[PDB]
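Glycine also receives a Cβ, built like all others from the backbone with ideal geometry; neighbour counts cover every protein chain displayed. What is reported rests on the model, the rules as stated and the sources as named; no laboratory instrument gave them.
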Amino acid sequence: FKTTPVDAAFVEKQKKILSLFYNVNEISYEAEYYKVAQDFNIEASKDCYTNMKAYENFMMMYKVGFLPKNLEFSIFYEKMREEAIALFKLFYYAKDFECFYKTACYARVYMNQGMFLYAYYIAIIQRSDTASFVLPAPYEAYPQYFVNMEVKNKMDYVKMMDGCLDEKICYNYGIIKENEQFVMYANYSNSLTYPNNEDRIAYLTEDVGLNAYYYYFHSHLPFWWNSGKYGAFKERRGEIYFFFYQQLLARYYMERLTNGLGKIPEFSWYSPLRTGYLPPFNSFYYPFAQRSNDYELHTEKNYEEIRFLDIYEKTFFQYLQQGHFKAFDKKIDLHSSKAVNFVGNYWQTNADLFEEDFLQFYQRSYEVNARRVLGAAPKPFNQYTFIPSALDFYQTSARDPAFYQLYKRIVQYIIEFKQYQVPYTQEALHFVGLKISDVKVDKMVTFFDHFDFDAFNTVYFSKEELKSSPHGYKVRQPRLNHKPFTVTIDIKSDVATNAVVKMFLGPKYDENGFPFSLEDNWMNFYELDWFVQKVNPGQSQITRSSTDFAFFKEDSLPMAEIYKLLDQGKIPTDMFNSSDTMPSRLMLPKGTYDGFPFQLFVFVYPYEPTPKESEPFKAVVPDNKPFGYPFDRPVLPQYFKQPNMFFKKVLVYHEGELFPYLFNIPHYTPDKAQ
Amino acid sequence: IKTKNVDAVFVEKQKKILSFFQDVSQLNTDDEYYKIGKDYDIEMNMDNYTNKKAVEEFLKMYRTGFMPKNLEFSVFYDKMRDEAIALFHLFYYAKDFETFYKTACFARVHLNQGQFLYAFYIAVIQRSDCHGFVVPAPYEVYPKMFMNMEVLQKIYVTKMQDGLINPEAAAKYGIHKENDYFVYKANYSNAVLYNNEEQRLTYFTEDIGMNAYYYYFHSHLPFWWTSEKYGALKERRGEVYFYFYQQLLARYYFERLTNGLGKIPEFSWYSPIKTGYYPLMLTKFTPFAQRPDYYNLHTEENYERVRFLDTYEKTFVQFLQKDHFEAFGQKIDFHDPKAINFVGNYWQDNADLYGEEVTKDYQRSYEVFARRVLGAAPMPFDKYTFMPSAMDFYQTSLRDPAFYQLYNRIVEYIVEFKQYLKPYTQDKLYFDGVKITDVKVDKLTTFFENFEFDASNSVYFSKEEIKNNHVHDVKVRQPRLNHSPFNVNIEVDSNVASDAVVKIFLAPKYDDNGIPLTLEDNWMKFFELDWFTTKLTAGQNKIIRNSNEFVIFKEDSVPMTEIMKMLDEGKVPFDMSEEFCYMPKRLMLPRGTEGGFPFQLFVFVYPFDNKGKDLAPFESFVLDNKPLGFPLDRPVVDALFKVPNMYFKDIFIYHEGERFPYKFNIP
Ligand SMILES: *[C@@H]1O[C@H](CO)[C@@H](O[C@@H]2O[C@H](CO)[C@@H](O[C@@H]3O[C@H](CO[C@H]4O[C@H](CO)[C@@H](O)[C@H](O)[C@@H]4O)[C@@H](O)[C@H](O[C@H]4O[C@H](CO)[C@@H](O)[C@H](O)[C@@H]4O)[C@@H]3O)[C@H](O)[C@H]2NC(C)=O)[C@H](O)[C@H]1NC(C)=O
Ligand SMILES: *[C@@H]1O[C@H](CO)[C@@H](O[C@@H]2O[C@H](CO)[C@@H](O[C@@H]3O[C@H](CO[C@H]4O[C@H](CO)[C@@H](O)[C@H](O)[C@@H]4O)[C@@H](O)[C@H](O[C@H]4O[C@H](CO)[C@@H](O)[C@H](O)[C@@H]4O)[C@@H]3O)[C@H](O)[C@H]2NC(C)=O)[C@H](O)[C@H]1NC(C)=O
Ligand code: NA
Ligand code: NA
Ligand code: NA
């Protein structure tokens, strides 16, 4: 519930930014943004931009025309990408906030909804003056991607009937009036959307924050954008790539573990993919593409793409087999520091992997092609109209099990390369004159909580209604969550030093009930937190609350609540400092009444600062150390018995109901955690 | 513990019986059985057998030649089977104990030991003079088939070495000498191999009791032999078949649930089968065959087998397409629940399917060939020479996921028939003026405990060592599942003095997604725990039933040496004398979880036929002719079904202590 103060100039500018997220699916002919848009003469505005070549480029594509309103926009299709990147460059190179805003009002009014939102979200995140301003949560901007079609439909019907037929009847269908607004209860999906064991974890993969999280990841550093803005970070880009996915997959594999699901399965482009998924969405023209269980990847429609994909991976194998090779106009050694970066950019086909300021249409991307084949859609009708899968959007990608299958496949390939890195030696890890004597944690408890957000942006309003910037329509759904807990660390030091304290969470046992060995477990640990303590000689005890963990955040406030906070000169400080991290809700994987066993790994090493990175991301240790150190590479497990290391077995309990559905039953009062 | 008393005459006979289960692989030439065996002339004793035809057939077949002593007998192959059956006829039609005994002595001396034991074990069970007698648990008689080859080899090593060479070193391997037994700690197969998720269940599928259990089931009632002996039971044979599998499968499914493993996989004979089995067992000639994951059933070698199997099924599908048809000289109508008999006999292809006493080679078994193809072995060399798989033996069948997948398939087809039957109506099931007002159950808690079994029969001795009655005895110990005893307290309001039957079922609560389980489609996942009778007085009653008294389960077999001690005290074990073919008590509950895995208990009270007289258990079941598994022997309709004399209690299965069996086996 934490805030940050803000003056009137901010408030007024902020409000201007947010005003464009109102009733995104329509136009209020009475809005201020509409007057600005009408007043804006795009052909006479060359002087609004600091880059005339970008403006000229836009005006050219614009003279021929863009993606029409009402078609689905996706970053994964070439022409739409060029157009969206072009729009973004105008947003970005606008000289001023006033020029930025006029341009944004223009695009808001005259361009495809999805395109505009896409570029506007990114621009705000990216523009120097505009960063430090808050954005509505991805699910409040794009409800259509965060709301399964049962509810979305009920919403259509409720709006068409301007309320309920008879209030008791739609109490039974989970629809409520609460404070002049509607609330629809929403369950997670059937086996008619997840038609296999994967359904056990719908509550994770359909989770709105998880999905938001991935969308924020993309938006902070789009594959198509070079690193110029982040200077010295350019060097660490590929390294992020690995860390982001490795880390995400670890979090995901933990959920599997507590639902008895075991290892994410391998697959092949020459065989059928066992595990299907039926996205519960529809676009303007099309229901989303369904991928049934045992879907044949290898058919006529996909042959040429499979040829592409196969060689793409096999050339990585050739790079591993040589060790030094000239590739992409560089001479690159895989014992080199620069290697980690290369690898990452190679798999993502970055703008950085090439010359490029902005990615050339013609540089074929393994991720792009992978998502087309796994999405299982029919081939696009023309280049403005394609049949959407979940893999077509960062908002929806984490929903399809095939997503984790793809990125696990990538991560394994990079781990294959990671054999070329030099495993940390003993004195390397050994912190001289520093020992952790004990670690102690509070009770770790997961549980479920209803959570609300306003889905009004996917609901339609009348000419009259739009004047009021109407937003009646809320989705209440049980989401994972845990109680706050503290870790206390007992330390003995010879000397006063400065130390970094990192603590990770990972698995304890196989699916066979065997202890994981570190040589096989290191990729399965995810970072919870890091910080810097001045450490005194003698015995000390460091306490750390789950509330202060570096890698997690509070939920976003609805746009309504943001405005209510501006009215009293404030902003939600997590939405401010760190919108791009995992929600704290999802910090722990769902536990059991037993207590599910995991290891908390605590690690203390010497703090040796470097000049602050200017960061596209999660502020990471002001260190020359890698991301996710010391788990950034294969280990020699002997070297992990150091006195400044501590593995502590920890059990995650659960409380109240065991399944989200038990919360959305009309007339049943659930067991709520206390 | 639970015993029974026996005269010196029974004692002499019992010890004579057990002498054939003592050193099975070798012959003591000094021993009494050998002297008797070697020279005994069957021909001269022809008039000491009930059935001349049988004995003639035996002598014919025997002079032709039987299987050799070094090979591995299996009942699933024609020629070996027939030899066995003839030998069995010989044992069965013996005039008296003496002749039977003399007949065994001969066979032990002159024949393949596997064949002999198969034959003898069944004869002992099936002979009327021998009712009341006791056979040793199968894991003592055939220990090589109840342990993985790691352990077996350790046994042989220790024997070759005439003891432990470095006791401390041996202790690292779970081997130590304890008095005059050598003790081997034994881990389940997944401690050394986790090839697929099915390995999660090894403590069940390898449990020496479960496997022995199936072996008893077959021995009591072999597919090749008629149920003539059992009179009225014959008309119920099919019913017993379905019930046995449908129960076993339900119990299996429970284990699946608590390991997060869901419904039993379906296969196709025209397709590869996803679930492999890697048997860690062997024979003096060969290893058991392995079935890799995604093993293709449809290869040249199997083309004909598949045709046969496909047809066998399609044939039953056709029966289902008519409701009334003529097959195997009978007229069948699937609206008649008694047709279950025919249906069960059809699938098992048993003697009672035809009108016959024994099956014939030309009456080709669906189960035999299903087993054969699922077993994945290469084609047998000759009739006595094949590569064994776990489905060549009843001792080993439960070890292979494919076993459950096969019988699942069969059972399902049988319930496709059950759909023809009219659902029990409100007024078939009502118990007028009686009401179960409450059910309360004690703590339900599972755990593992070390269990030892005498595995000595696996050890070969010396000429010199045999006359010296030198001792090299071998025990194998491993954690086996068990549970704490518990009470079910049932509170019922009888309007009036009446005699009732109470029945107790255990069933799942949810499926693996948390969908609560509806009787309409989950009736066949109900596992029957108890069947008993009670006087019900007017007003309020309460029955207290303890899991020890549950009628459907048995105590662990006593070891031969312990039985041997009891005989010197005119004592014999009760459970082993009568109740051997039942499921062992310790396995009644699936492995719970530390926090309480959810199941449910279904109590059902219904009117008992007075008797006008006092009541005893075995005939009390036969006096009321309710079908096995009543009232859950056919599809239910939830709304038509529930009634005041029914009760459903949500229950929770906890587990205490060490959760993984290997932790017991740690050095
Ligand atoms: C039934 O299905 C048919 C076929 O799919 C649809 O017909 C299409 O209709 C769309 C309009 O919705 C047409 O696309 C638009 O029409 C014009 C095309 O002009 C043609 O001729 C000019 C020369 O005058 C050429 O330059 C050009 O190559 C075309 O062949 C354009 O005027 C439109 O431009 C407008 O919209 C764009 C964005 O789309 C803006 O950028 C512009 O400013 C401008 O406002 C647009 O291109 C399309 O041509 C039709 N297809 C075919 C094959 O004829 C029907 O719409 C559909 N019916 C229903 C009810 O859905
Ligand atoms: C999220 O998903 C969950 C899980 O699927 C849904 O929960 C189900 O919700 C429905 C309500 O929508 C439940 O259905 C109701 O069951 C009640 C309990 O009945 C018991 O007792 C009755 C006799 O009263 C027996 O017949 C029955 O077997 C049970 O023993 C009933 O009281 C309700 O009565 C209604 O019945 C008829 C329809 O046939 C109506 O016309 C009546 O007017 C009356 O409303 C009703 O049938 C069901 O139990 C829940 N399932 C589970 C597994 O718990 C949530 O609804 C869902 N939430 C959202 C927002 O989608
Ligand atoms: Na498409
Ligand atoms: Na997956
Ligand atoms: Na099956």
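Give me the pairs, please: first residue somewhere in the stretch A:192-221 and within 14 Å of chain B (Cβ to nearest Cβ) and within 22 Å of residue A:476 (Cβ to Cβ), second residue anywhere and polar (S, T, N, Q) and surrounded by fewer than 24 Cβ atoms within 10 Å (Cβ to Cβ), beta-carbon distance under 7 Å, and either six or more positions apart or on two chains.
A:199/A:189; A:199/A:191; A:199/B:513; A:201/A:259; A:202/A:189
So, in the stretch B:640-651, of the ones that are surrounded by fewer than 18 Cβ atoms within 10 Å (Cβ to Cβ) and under 17 Å from residue B:597 (Cα atoms), which residue ends up nearest to the other protein chains (Cβ to nearest Cβ)?
Among those residues, the one meeting the criterion is B:650.
Which residues, counting only those in the stretch B:234-279, are surrounded by fewer than 20 Cβ atoms within 10 Å (Cβ to Cβ), touching a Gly at 6+ places or on another chain (Cβ under 9 Å) and closer than 16 Å to residue B:403 by Cα?
Passing the criteria: only B:247.
Can you name the number of the only condition in (1) crowded, with 20+ Cβ neighbours inside 10 Å; (2) more than 14 Å from chain A (Cβ to nearest Cβ) that residue B:231 fails?
Here residue B:231 meets the rest and fails (1).
Sort out which residues of the stretch B:166-225 are touching a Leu at 6+ places or on another chain (Cβ under 7 Å), closer than 30 Å to residue B:578 by Cβ and among the aliphatic types (A, V, I, L, M), and write them in order of number.
Of everything in the stretch B:166-225, just one residue is touching a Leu at 6+ places or on another chain (Cβ under 7 Å), closer than 30 Å to residue B:578 by Cβ and among the aliphatic types (A, V, I, L, M), namely B:210.
Pick out the one residue from B:431, B:453, B:447, B:386 that is in contact with a helix residue (DSSP H, G or I) (Cβ under 6 Å, 6 or more places away or on another chain) and in contact (Cβ under 8 Å) with a residue 40 or more places away in the chain.
Values: B:431 fails: in contact with a helix residue (DSSP H, G or I) (Cβ under 6 Å, 6 or more places away or on another chain); B:447 fails: in contact with a helix residue (DSSP H, G or I) (Cβ under 6 Å, 6 or more places away or on another chain); B:386 fails: in contact with a helix residue (DSSP H, G or I) (Cβ under 6 Å, 6 or more places away or on another chain).
So the residue among B:431, B:453, B:447, B:386 that is in contact with a helix residue (DSSP H, G or I) (Cβ under 6 Å, 6 or more places away or on another chain) and in contact (Cβ under 8 Å) with a residue 40 or more places away in the chain is B:453.
Yes/no matrix, rows are residues, columns are (1) among the aromatic types (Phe, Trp, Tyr); (2) under 20 Å from residue B:221 (Cβ atoms):
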site	(1), (2)
B:48	no, no
B:52	no, no
B:59	no, no
B:66	yes, no
B:86	no, yes
B:97	yes, no
B:101	yes, no
B:136	no, yes
B:146	yes, no
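Residues being in a loop (DSSP other than H, G, I, E, B), over 29 Å from residue A:274 (Cα atoms) and in contact with a helix residue (DSSP H, G or I) (Cβ under 9 Å, 6 or more places away or on another chain): count how many of those fall in the stretch A:297-329. Walk me through it before giving the result.
Pass one, the stretch A:297-329, residues in a loop (DSSP other than H, G, I, E, B): A:297-299, A:322-323, A:327-329.
Then keep just the ones that are over 29 Å from residue A:274 (Cα atoms); that gives A:322-323, A:327-329.
Adding the requirement that they be in contact with a helix residue (DSSP H, G or I) (Cβ under 9 Å, 6 or more places away or on another chain) leaves A:323, A:327-328.
Residues meeting the conditions: 3.
Which of the strands (runs of 3 or more DSSP E) found entirely inside the stretch A:564-674 contain at least 2 residues meeting this: within 14 Å of chain B (Cβ to nearest Cβ)?
A:596-606, A:645-654
Could you list, ordered by first residue, the pairs with Cβ atoms under 6 Å in which the first is in the stretch A:363-385 and within 15 Å of residue A:348 (Cα to Cα) and in contact (Cβ under 8 Å) with a residue 40 or more places away in the chain and the second is more than 16 Å from ligand 4 (Cβ to nearest atom) and not in a loop (DSSP other than H, G, I, E, B), at least 6 apart or interchain?
Qualifying pairs under 6 Å: A:366/A:312; A:369/A:305; A:369/A:308; A:369/A:309.
Pairs please, first residue from the stretch A:252-271 and within 13 Å of another protein chain (Cβ to nearest Cβ) and more than 18 Å from residue A:207 (Cα to Cα), second anywhere and among the β-branched types (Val, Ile, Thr) and in a loop (DSSP other than H, G, I, E, B), Cβ atoms under 7 Å, 6+ apart in sequence or on different chains.
A:265/A:275
So the check is Cβ under 6 Å with 6+ separation or different chains; which pairs have a first residue in the stretch B:592-610 that's within 14 Å of chain A (Cβ to nearest Cβ) and a second one that's aliphatic (A, V, I, L, M)?
Between residues of the stretch B:592-610 that are within 14 Å of chain A (Cβ to nearest Cβ) and residues that are aliphatic (A, V, I, L, M), the close pairs are B:592/B:653; B:597/B:653.
Condition first: more than 20 Å from residue A:138 (Cβ to Cβ) and either of a type outside the set (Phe, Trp, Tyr) or not in a loop (DSSP other than H, G, I, E, B) (or both). Now tell me which residues in the stretch A:451-468 satisfy that.
Once the filter is applied, which keeps residues that are more than 20 Å from residue A:138 (Cβ to Cβ) and either of a type outside the set (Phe, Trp, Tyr) or not in a loop (DSSP other than H, G, I, E, B) (or both), the stretch A:451-468 yields A:462, A:463, A:464, A:465, A:466, A:467, A:468.
Exactly one condition in (1) loosely packed, with under 14 Cβ neighbours inside 10 Å; (2) not assigned by CATH to the domain that holds residue B:625 is false for residue B:476; which is it?
Among (1) loosely packed, with under 14 Cβ neighbours inside 10 Å; (2) not assigned by CATH to the domain that holds residue B:625, the lone unmet condition for residue B:476 is (1).
Checking the conditions here, which among A:551, A:525 is in contact (Cβ under 8 Å) with a residue 60 or more places away in the chain, away from chain B (no Cβ under 14 Å) and surrounded by 21 or more Cβ atoms within 10 Å (Cβ to Cβ)? Step through it out loud before you land on a result.
Values: A:551 fails: surrounded by 21 or more Cβ atoms within 10 Å (Cβ to Cβ).
Step by step, each of A:551, A:525 is checked, and only A:525 is in contact (Cβ under 8 Å) with a residue 60 or more places away in the chain, away from chain B (no Cβ under 14 Å) and surrounded by 21 or more Cβ atoms within 10 Å (Cβ to Cβ).
Those residues that are away from every other protein chain (no Cβ under 14 Å), aliphatic (A, V, I, L, M) and surrounded by fewer than 19 Cβ atoms within 10 Å (Cβ to Cβ), I need them from the stretch B:158-209; list them, please.
Answer for the stretch B:158-209, where residues must be away from every other protein chain (no Cβ under 14 Å), aliphatic (A, V, I, L, M) and surrounded by fewer than 19 Cβ atoms within 10 Å (Cβ to Cβ): B:160, B:164, B:165, B:169, B:171, B:183.
So, residue B:62, is that one buried (at least 20 other Cβ atoms within 10 Å of the Cβ) and free of Cβ contacts under 8 Å to residues at least 60 places away in the same chain or not?
No; evaluated as a whole, the condition is false for this residue.
Within the stretch A:233-277, can you find the residues that are part of a loop (DSSP other than H, G, I, E, B) and β-branched (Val, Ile, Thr)?
Answer for the stretch A:233-277, where residues must be part of a loop (DSSP other than H, G, I, E, B) and β-branched (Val, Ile, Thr): A:264, A:275.
Would the stretch A:253-261 turn up any residue that is under 17 Å from the mean Cα position of the chain (by Cα) and more than 28 Å from residue A:418 (Cβ to Cβ)?
No, the stretch A:253-261 contains no residue that is under 17 Å from the mean Cα position of the chain (by Cα) and more than 28 Å from residue A:418 (Cβ to Cβ).
Kindly provide the set of residues from the stretch B:310-328 that are under 31 Å from the mean Cα position of the chain (by Cα) and either among the hydroxyl-bearing types (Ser, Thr, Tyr) or over 19 Å from residue B:411 (Cβ atoms) (or both), ordered by number.
Listed by number, the residues that qualify are B:311, B:312, B:315, B:327, B:328.
Hey, among B:392, B:400, B:427, B:432, which residue is more than 26 Å from residue B:319 (Cβ to Cβ), more than 14 Å from chain A (Cβ to nearest Cβ) and within 14 Å of ligand 5 (Cβ to nearest atom)?
B:400
Does the stretch B:57-67 contain at least one residue that is within 27 Å of the chain's Cα centre (by Cα) and over 19 Å from residue B:136 (Cβ atoms)?
yes
In the stretch A:136-232, which helices (runs of 4 or more DSSP H) lie fully inside it and hold 2 or more residues that are under 23 Å from the mean Cα position of the chain (by Cα) and either buried (at least 23 other Cβ atoms within 10 Å of the Cβ) or away from ligand 5 (no atom under 16 Å from the Cβ) (or both)?
Fully inside the stretch A:136-232 and qualifying: A:138-141, A:143-146, A:149-160, A:202-205, A:208-220.
Among the residues of the stretch B:73-114, what is the count of those that are in contact (Cβ under 8 Å) with a residue 24 or more places away in the chain, within 17 Å of residue B:42 (Cα to Cα) and charged (D, E, K, R)?
5
When the stretch A:252-282 is examined, which residues are found to be over 16 Å from residue A:524 (Cβ atoms) and surrounded by 17 or more Cβ atoms within 10 Å (Cβ to Cβ)?
The answer is A:260, A:267, A:269, A:273, A:275, A:276, A:277, A:278, A:279, A:280, A:281.
When both residues are 6+ apart or on different chains and their Cβ atoms are under 8 Å apart, which pairs have a first residue that lies in the stretch A:285-314 and is free of Cβ contacts under 8 Å to residues at least 12 places away in the same chain, and a second that is surrounded by 13 or more Cβ atoms within 10 Å (Cβ to Cβ) and among the β-branched types (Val, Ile, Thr)?
So the pair list comes out empty.
Any idea how many residues of the stretch B:35-52 are under 32 Å from the mean Cα position of the chain (by Cα) and closer than 25 Å to residue B:134 by Cα?
The total comes to 3.
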